[PDB]
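**Student:** This is the content of target05.cif (mmCIF, C-alpha atoms; chains and numbers go by the auth columns):
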data_query
loop_
_atom_site.group_PDB
_atom_site.id
_atom_site.type_symbol
_atom_site.label_atom_id
_atom_site.label_comp_id
_atom_site.label_asym_id
_atom_site.label_seq_id
_atom_site.Cartn_x
_atom_site.Cartn_y
_atom_site.Cartn_z
_atom_site.B_iso_or_equiv
_atom_site.auth_seq_id
_atom_site.auth_asym_id
ATOM 1 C CA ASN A 1 41.976 65.000 91.325 0.00 1 A
ATOM 2 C CA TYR A 2 38.520 66.183 90.086 0.00 2 A
ATOM 3 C CA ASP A 3 36.769 64.856 93.207 0.00 3 A
ATOM 4 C CA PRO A 4 38.254 67.659 95.364 0.00 4 A
ATOM 5 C CA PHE A 5 40.090 69.631 92.708 0.00 5 A
ATOM 6 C CA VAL A 6 41.896 68.730 89.509 0.00 6 A
ATOM 7 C CA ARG A 7 45.382 70.084 88.971 0.00 7 A
ATOM 8 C CA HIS A 8 47.852 69.509 86.148 0.00 8 A
ATOM 9 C CA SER A 9 51.555 69.895 86.703 0.00 9 A
ATOM 10 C CA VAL A 10 54.234 69.334 84.088 0.00 10 A
ATOM 11 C CA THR A 11 57.886 70.268 83.944 0.00 11 A
ATOM 12 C CA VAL A 12 59.008 71.918 80.727 0.00 12 A
ATOM 13 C CA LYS A 13 62.621 71.559 79.618 0.00 13 A
ATOM 14 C CA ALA A 14 62.894 74.763 77.565 0.00 14 A
ATOM 15 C CA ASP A 15 61.157 77.704 79.232 0.00 15 A
ATOM 16 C CA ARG A 16 57.562 78.918 79.377 0.00 16 A
ATOM 17 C CA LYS A 17 57.856 79.868 75.716 0.00 17 A
ATOM 18 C CA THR A 18 57.996 76.232 74.590 0.00 18 A
ATOM 19 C CA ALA A 19 55.425 75.164 77.172 0.00 19 A
ATOM 20 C CA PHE A 20 52.935 77.658 75.749 0.00 20 A
ATOM 21 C CA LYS A 21 53.967 76.791 72.196 0.00 21 A
ATOM 22 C CA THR A 22 53.462 73.063 72.737 0.00 22 A
ATOM 23 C CA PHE A 23 50.271 73.616 74.729 0.00 23 A
ATOM 24 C CA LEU A 24 48.487 76.151 72.517 0.00 24 A
ATOM 25 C CA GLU A 25 50.323 77.073 69.303 0.00 25 A
ATOM 26 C CA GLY A 26 51.010 73.489 68.506 0.00 26 A
ATOM 27 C CA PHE A 27 48.059 71.351 69.310 0.00 27 A
ATOM 28 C CA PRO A 28 47.954 68.507 66.695 0.00 28 A
ATOM 29 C CA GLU A 29 51.645 68.115 65.819 0.00 29 A
ATOM 30 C CA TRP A 30 53.174 66.302 68.797 0.00 30 A
ATOM 31 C CA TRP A 31 53.172 62.621 69.720 0.00 31 A
ATOM 32 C CA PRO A 32 50.142 62.141 72.128 0.00 32 A
ATOM 33 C CA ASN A 33 46.429 61.650 71.353 0.00 33 A
ATOM 34 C CA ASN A 34 46.638 64.802 69.260 0.00 34 A
ATOM 35 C CA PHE A 35 48.078 62.865 66.330 0.00 35 A
ATOM 36 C CA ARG A 36 44.773 61.352 65.189 0.00 36 A
ATOM 37 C CA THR A 37 42.723 63.036 62.484 0.00 37 A
ATOM 38 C CA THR A 38 39.457 64.851 63.355 0.00 38 A
ATOM 39 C CA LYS A 39 39.894 63.630 66.924 0.00 39 A
ATOM 40 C CA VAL A 40 42.233 66.256 68.358 0.00 40 A
ATOM 41 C CA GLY A 41 44.852 66.189 65.645 0.00 41 A
ATOM 42 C CA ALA A 42 43.517 67.690 62.436 0.00 42 A
ATOM 43 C CA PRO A 43 45.283 70.553 60.517 0.00 43 A
ATOM 44 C CA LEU A 44 44.350 73.125 63.181 0.00 44 A
ATOM 45 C CA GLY A 45 43.948 72.196 66.839 0.00 45 A
ATOM 46 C CA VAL A 46 43.873 75.649 68.381 0.00 46 A
ATOM 47 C CA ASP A 47 42.807 78.996 66.983 0.00 47 A
ATOM 48 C CA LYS A 48 44.995 81.849 68.164 0.00 48 A
ATOM 49 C CA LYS A 49 43.023 84.769 66.721 0.00 49 A
ATOM 50 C CA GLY A 50 39.623 83.779 68.077 0.00 50 A
ATOM 51 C CA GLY A 51 40.777 81.792 71.070 0.00 51 A
ATOM 52 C CA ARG A 52 39.395 78.271 70.869 0.00 52 A
ATOM 53 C CA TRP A 53 40.580 74.658 70.631 0.00 53 A
ATOM 54 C CA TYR A 54 39.128 72.924 67.586 0.00 54 A
ATOM 55 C CA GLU A 55 40.126 71.067 64.458 0.00 55 A
ATOM 56 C CA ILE A 56 38.842 70.991 60.914 0.00 56 A
ATOM 57 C CA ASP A 57 36.255 68.250 61.169 0.00 57 A
ATOM 58 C CA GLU A 58 35.655 66.060 58.144 0.00 58 A
ATOM 59 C CA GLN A 59 31.904 66.633 58.297 0.00 59 A
ATOM 60 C CA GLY A 60 32.366 70.384 57.816 0.00 60 A
ATOM 61 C CA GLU A 61 34.604 72.205 60.333 0.00 61 A
ATOM 62 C CA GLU A 62 32.085 71.615 63.088 0.00 62 A
ATOM 63 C CA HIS A 63 34.111 70.320 65.985 0.00 63 A
ATOM 64 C CA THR A 64 33.619 70.610 69.729 0.00 64 A
ATOM 65 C CA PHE A 65 35.868 73.474 70.825 0.00 65 A
ATOM 66 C CA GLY A 66 37.933 74.427 73.836 0.00 66 A
ATOM 67 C CA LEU A 67 36.649 77.632 75.320 0.00 67 A
ATOM 68 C CA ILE A 68 39.605 79.977 75.638 0.00 68 A
ATOM 69 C CA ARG A 69 38.579 82.997 77.682 0.00 69 A
ATOM 70 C CA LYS A 70 42.169 84.109 78.281 0.00 70 A
ATOM 71 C CA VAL A 71 45.268 83.677 76.139 0.00 71 A
ATOM 72 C CA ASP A 72 47.741 85.500 78.360 0.00 72 A
ATOM 73 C CA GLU A 73 50.983 85.077 76.375 0.00 73 A
ATOM 74 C CA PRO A 74 53.396 82.256 77.368 0.00 74 A
ATOM 75 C CA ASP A 75 52.156 82.599 80.959 0.00 75 A
ATOM 76 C CA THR A 76 48.516 81.723 81.633 0.00 76 A
ATOM 77 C CA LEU A 77 45.608 80.200 79.709 0.00 77 A
ATOM 78 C CA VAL A 78 42.057 80.120 81.059 0.00 78 A
ATOM 79 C CA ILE A 79 40.081 77.684 78.936 0.00 79 A
ATOM 80 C CA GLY A 80 36.878 75.681 79.346 0.00 80 A
ATOM 81 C CA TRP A 81 36.781 71.982 78.526 0.00 81 A
ATOM 82 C CA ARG A 82 35.891 70.415 75.180 0.00 82 A
ATOM 83 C CA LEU A 83 36.751 66.714 74.627 0.00 83 A
ATOM 84 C CA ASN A 84 39.917 64.622 74.129 0.00 84 A
ATOM 85 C CA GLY A 85 39.474 60.972 73.137 0.00 85 A
ATOM 86 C CA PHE A 86 36.628 61.653 70.663 0.00 86 A
ATOM 87 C CA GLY A 87 34.856 58.788 72.395 0.00 87 A
ATOM 88 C CA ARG A 88 33.552 60.725 75.339 0.00 88 A
ATOM 89 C CA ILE A 89 30.715 63.048 76.283 0.00 89 A
ATOM 90 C CA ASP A 90 31.425 66.551 77.548 0.00 90 A
ATOM 91 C CA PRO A 91 29.208 69.688 77.644 0.00 91 A
ATOM 92 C CA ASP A 92 31.647 71.767 75.541 0.00 92 A
ATOM 93 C CA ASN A 93 30.992 74.664 77.950 0.00 93 A
ATOM 94 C CA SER A 94 31.983 74.846 81.601 0.00 94 A
ATOM 95 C CA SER A 95 34.754 72.943 83.424 0.00 95 A
ATOM 96 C CA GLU A 96 37.281 75.823 83.071 0.00 96 A
ATOM 97 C CA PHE A 97 40.932 75.341 83.954 0.00 97 A
ATOM 98 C CA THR A 98 43.449 78.082 84.596 0.00 98 A
ATOM 99 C CA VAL A 99 46.771 76.989 83.149 0.00 99 A
ATOM 100 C CA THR A 100 49.500 78.629 85.195 0.00 100 A
ATOM 101 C CA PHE A 101 52.950 78.330 83.681 0.00 101 A
ATOM 102 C CA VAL A 102 55.487 79.048 86.403 0.00 102 A
ATOM 103 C CA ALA A 103 58.688 80.075 84.646 0.00 103 A
ATOM 104 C CA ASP A 104 62.008 78.747 85.854 0.00 104 A
ATOM 105 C CA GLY A 105 64.876 80.958 84.740 0.00 105 A
ATOM 106 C CA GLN A 106 67.069 77.981 83.840 0.00 106 A
ATOM 107 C CA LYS A 107 64.904 77.281 80.750 0.00 107 A
ATOM 108 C CA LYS A 108 62.496 75.251 82.800 0.00 108 A
ATOM 109 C CA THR A 109 58.789 75.683 83.519 0.00 109 A
ATOM 110 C CA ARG A 110 56.455 74.026 85.959 0.00 110 A
ATOM 111 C CA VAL A 111 52.845 74.468 84.896 0.00 111 A
ATOM 112 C CA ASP A 112 50.217 74.270 87.585 0.00 112 A
ATOM 113 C CA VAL A 113 46.682 73.992 86.266 0.00 113 A
ATOM 114 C CA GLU A 114 43.772 74.859 88.508 0.00 114 A
ATOM 115 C CA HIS A 115 40.660 73.101 87.250 0.00 115 A
ATOM 116 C CA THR A 116 37.467 73.320 89.304 0.00 116 A
ATOM 117 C CA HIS A 117 33.827 73.418 88.167 0.00 117 A
ATOM 118 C CA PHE A 118 32.412 70.649 85.977 0.00 118 A
ATOM 119 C CA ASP A 119 34.304 67.542 87.119 0.00 119 A
ATOM 120 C CA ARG A 120 34.131 68.509 90.776 0.00 120 A
ATOM 121 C CA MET A 121 30.347 68.657 90.549 0.00 121 A
ATOM 122 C CA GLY A 122 29.753 65.034 91.507 0.00 122 A
ATOM 123 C CA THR A 123 29.989 61.385 90.511 0.00 123 A
ATOM 124 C CA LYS A 124 28.319 61.393 87.082 0.00 124 A
ATOM 125 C CA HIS A 125 29.984 64.668 86.094 0.00 125 A
ATOM 126 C CA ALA A 126 33.436 63.248 86.791 0.00 126 A
ATOM 127 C CA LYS A 127 32.317 59.887 85.398 0.00 127 A
ATOM 128 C CA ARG A 128 31.519 61.345 81.986 0.00 128 A
ATOM 129 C CA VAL A 129 34.890 63.109 82.144 0.00 129 A
ATOM 130 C CA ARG A 130 36.728 59.846 82.890 0.00 130 A
ATOM 131 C CA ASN A 131 34.894 58.295 79.914 0.00 131 A
ATOM 132 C CA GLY A 132 37.841 59.237 77.723 0.00 132 A
ATOM 133 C CA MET A 133 40.206 61.517 79.652 0.00 133 A
ATOM 134 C CA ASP A 134 42.133 58.681 81.280 0.00 134 A
ATOM 135 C CA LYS A 135 44.174 57.587 78.254 0.00 135 A
ATOM 136 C CA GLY A 136 44.342 61.059 76.805 0.00 136 A
ATOM 137 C CA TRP A 137 44.952 64.163 78.907 0.00 137 A
ATOM 138 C CA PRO A 138 47.649 62.656 81.250 0.00 138 A
ATOM 139 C CA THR A 139 49.215 61.044 78.194 0.00 139 A
ATOM 140 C CA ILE A 140 49.122 64.356 76.322 0.00 140 A
ATOM 141 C CA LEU A 141 51.243 65.795 79.122 0.00 141 A
ATOM 142 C CA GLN A 142 53.803 63.026 78.637 0.00 142 A
ATOM 143 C CA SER A 143 54.396 63.498 74.918 0.00 143 A
ATOM 144 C CA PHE A 144 53.938 67.218 75.572 0.00 144 A
ATOM 145 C CA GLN A 145 57.007 67.301 77.812 0.00 145 A
ATOM 146 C CA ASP A 146 58.749 64.866 75.476 0.00 146 A
ATOM 147 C CA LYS A 147 58.604 67.006 72.334 0.00 147 A
ATOM 148 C CA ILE A 148 59.473 69.983 74.537 0.00 148 A
ATOM 149 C CA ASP A 149 62.441 67.913 75.635 0.00 149 A
ATOM 150 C CA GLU A 150 63.313 67.733 71.927 0.00 150 A
ATOM 151 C CA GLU A 151 63.105 71.490 71.631 0.00 151 A
ATOM 152 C CA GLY A 152 65.291 71.830 74.675 0.00 152 A
ATOM 153 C CA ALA A 153 68.035 69.294 75.255 0.00 153 A
ATOM 154 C CA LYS A 154 66.958 65.900 73.888 0.00 154 A
ATOM 155 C CA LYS A 155 68.955 66.619 70.747 0.00 155 A
#
Show me this structure written as structure tokens.
**Tutor:**
Amino acid sequence: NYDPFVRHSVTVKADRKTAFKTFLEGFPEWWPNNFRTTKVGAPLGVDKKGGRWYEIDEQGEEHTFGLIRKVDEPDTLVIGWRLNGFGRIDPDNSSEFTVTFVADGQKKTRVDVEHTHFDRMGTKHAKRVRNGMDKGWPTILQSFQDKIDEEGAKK
């Protein structure tokens, strides 16, 4: 991905409702990278009323934030990139990925994320992305589907 286009696809075990919940409404409460404090797992994570991904930073609530331009219910989320591992550099502006949750009636949901702007824009752009995405974002998706599995049929 990212060189041509970057796409995220996960399979949710309990409908688009839980996919959206676990992706937006619950940012820092699952089991991935989002469990570390002031990294991506402080008592906040995502702001529903304003539309941005950020946590309460220890220095004074001044965290890099995910640029939500569209919060379209449990369906689609168009957000610009922020930062994951807290050990990486990102512009906190462009990137932009359209999160498309494709609902499966049997309480299943395949999300297909179209991401194309910042990372695609060449070696160094994608290189600064890889600086801390590699052990975060893909891993987020794992624990993401895993806690969703809990909400669905793990228990």
**Student:** Show me a table, sorted first by chain and then by increasing residue number, of the residues of stretch 51-80 of chain A having an atom at most 9 Å from stretch 15-30 of chain A, each with its shortest atom pair and the distance in Å to one decimal, counting only C-alpha atoms and written as CSV.
**Tutor:**
residue,atom,partner,partner_atom,distance
A:53,CA,A:24,CA,8.3
A:55,CA,A:28,CA,8.5
A:71,CA,A:24,CA,9.0
A:73,CA,A:20,CA,7.7
A:74,CA,A:20,CA,4.9
A:75,CA,A:16,CA,6.7
A:76,CA,A:20,CA,8.4
A:77,CA,A:20,CA,8.7
**Student:** May I ask which of the residues A:88, A:39, A:108, A:115 is the closest one to residue A:11, counting all atoms listed in the file?
**Tutor:**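 Using all atoms listed in the file, residue A:11 sits closest to A:108.
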**Student:** I need the residue nearest residue A:124 from this list: A:90, A:61, A:151, A:104. Use all atoms listed in the file for the distance.
**Tutor:**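 When distances to residue A:124 are compared using all atoms listed in the file, the smallest one comes from A:90.
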**Student:** In terms of the shortest atom-to-atom distance over only C-alpha atoms, which of A:51, A:95, A:86, A:7 is closest to residue A:37?
**Tutor:**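 Of A:51, A:95, A:86, A:7, the one nearest residue A:37 is A:86, counting only C-alpha atoms.
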**Student:** In terms of the shortest atom-to-atom distance over all atoms listed in the file, which of A:56, A:89, A:68, A:14 is closest to residue A:126?
**Tutor:**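 Closest candidate: A:89.
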**Student:** Quick one: pull the distance between atom CA of residue A:136 and atom CA of residue A:96, Å, one decimal.
**Tutor:**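 Going from atom CA of residue A:136 over to atom CA of residue A:96, I get 17.5 Å.
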